[PDB]
Each structure stands twice: as structure tokens, then as C-alpha cells.
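Only one chain is shown below, in C-alpha cells, and it's the form deposited in one PDB entry.
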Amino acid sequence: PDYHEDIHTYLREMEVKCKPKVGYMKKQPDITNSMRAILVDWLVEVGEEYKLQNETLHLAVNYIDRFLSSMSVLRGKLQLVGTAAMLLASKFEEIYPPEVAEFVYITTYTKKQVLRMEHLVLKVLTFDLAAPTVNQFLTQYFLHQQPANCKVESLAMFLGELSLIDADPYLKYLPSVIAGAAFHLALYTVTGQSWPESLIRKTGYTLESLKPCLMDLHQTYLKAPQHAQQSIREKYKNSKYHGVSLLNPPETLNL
């Protein structure tokens, strides 16, 4: 907290540079948002199978979106991109990452393929893997709770994670903005409270600037039991995340 503000400022700069290209899927000949949703959901599952950090998941998704921003990929190779990305995210973030063997096993492909794709992903991303995530902004926002609330936190993570699944609309929003929306939405759902004044001072964001993201996130939250992908909902039933996916979304936000 000698550095909380320095770090936030720096992350705010880096998230703009680390941002995926918003319209990349129209340029992909053979893959769709729906195929990406499927892949991301599967990564959520891998995350749970191996008890990986939520941060590792958020990073892996950032690597995939930046990779696919410049590299055309056929549908049969999309899971190889996701595997290498999750392997890279784990090495960067985890104290004990799974071995290459474990990633080979969890996929279809060979160890040789996974490793070559790893080297390919690093080349394309030019080794720039310390990217800001919704998760990194949420944990800083969590500091502004009075008092701290575990349900608020888990629900904010749950909402921020659901945003990872759907490229349309969420590719267009910055991580700090998704985190803002997720935090307000959770706070409101749980306690009836709103985006605090101290976070306006910190971020420059108000309920007005967060509104478009919030409207999107609120709709995603309401329609969540009906989404084709369900791994996040199942994951967040666990006591580890205070069963927050069992909570009822509010019917309106009144913003």
C-alpha cells in the first residue's frame, strides 16, 4: 500500500496495451464466438480439475484472445492453442504448475505438438505474458468494502469469470471496467450497496461510465442458468466460493 496506487496506475496503462483486438472473430474463417465459449468453459474445467488459481484462467484467456487477434486457426487446432496458453499461464502464475504430460492427458494432440504450440504462442505474444486481468482489478476493489464480505467477493469473481465465456459483448470492455461492473453488481445483489465513492476517486469510474458493461453483465447474470456453457455455475456452487452461483440475481438495477 506504499504501492497500491502506483500498481493500479501501471495496470491501467498495461491493460490498454495488453488488450485483444475487439473484432477478431469476424476475421477468423473457421472459428466462432460459440466455439471460443466451449474452449473457455473447458479451461474452467481444467482449472478445477487441477485446482489452479482463478488468475491463471484469466491469463490463459488473455493469451488466447491476443493469439487469435493475429493468427488464423482451424477449429481442430483451437484446443491446442488453449492448452499451450493454459500451460503458459500456469508456469507464469502457479507455484506448482501441472506438468506438460498432464496437459497432454487432459486434451487429441501429442506432447511435441503442445510444446511447439507453446513456443509459437510465446513468439506471437513476443513473451509479453504479465497481463492485467479482471481478477487483478477485483482484488484491489475488494479493499474498499466496509466491512469485507465473502459473498460479495465470490460473486464478483463469479460474474467476472462469466464475462470470459462470451467474446460478444465482453471483448470490447477493459478488465478494469468489467471488474467495476462485477463488483457493483455483486455488492448490490448481496447487500443493496453501490459502487463506493472511494472507488470513484481511485478509478475515475462512476455508475454512469460502468453502465453499458453493467447492463450487459446484468443480462448475462439473469440468463446464466440457461447458457449452453455451465462450468462456472457448477464451480461456484462449491463452499470454497461460498455457493454464490445459487444466489438470485436482482430483477432490476435501477441506475
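Just count from 1 along the sequence shown to find any residue number. Here the rigid core means the biggest group of C-alpha atoms that line up within 1.5 Å when the two forms are laid on top of each other.
- Larger root-mean-square CA separation from the shown form, computed after a rigid core fit of the structures in 8 other deposited structures of this protein, is seen for 140 to 148 when 77 to 85 is set against 140 to 148.
- Unmodelled residues of the deposited sequence between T107 and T108: 1 to 3.
- Looking at mean Cα B-factors across 156 to 164 and 86 to 94, the upper value is held by 156 to 164.
- Two stretches are in play, 15 to 23 and 227 to 235, and the higher mean C-alpha B-factor belongs to 15 to 23.
- Of the candidates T126, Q113, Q140, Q145, the one whose C-alpha carries the top B factor in the deposited record is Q145.
- Listed residues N54, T203, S70, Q28 were ranked by CA B-factor as deposited; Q28 comes out on top.
- Ranked by Cα temperature factor within the chain, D216 sits in the middle third according to the deposited record.
- Ranked within its chain, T32 lands in the middle third, by CA B factor from the PDB record.
- Annotation for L74: CA B-factor lies in the middle third of the chain's modelled residues.
- For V81, the recorded CA temperature factor ranks within the lowest third of the chain's modelled residues.
- The deposited CA B-factor of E45 belongs to the middle third of values across its chain.
Missing here is the form deposited with a partner chain bound; even so, the following discussion is about that form.
- By the criterion of a heavy atom within 4.5 Å, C213 is excluded from the residues contacting the partner chain in the entry with it bound.
- The shortest heavy atom separation between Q146 and the partner chain in the entry with it bound exceeds 4.5 Å.
- For the chain shown alone, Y205 is not a contact residue for the partner chain in the entry with it bound, no non-hydrogen atom being within 4.5 angstroms.
- Using a 4.5 angstroms limit between non-hydrogen atoms, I106 touches the partner chain in the entry with it bound.
- Exactly one listed residue, out of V190, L39, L199, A224, brings a non-hydrogen atom to within 4.5 Å of the partner chain in the entry with it bound: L39.
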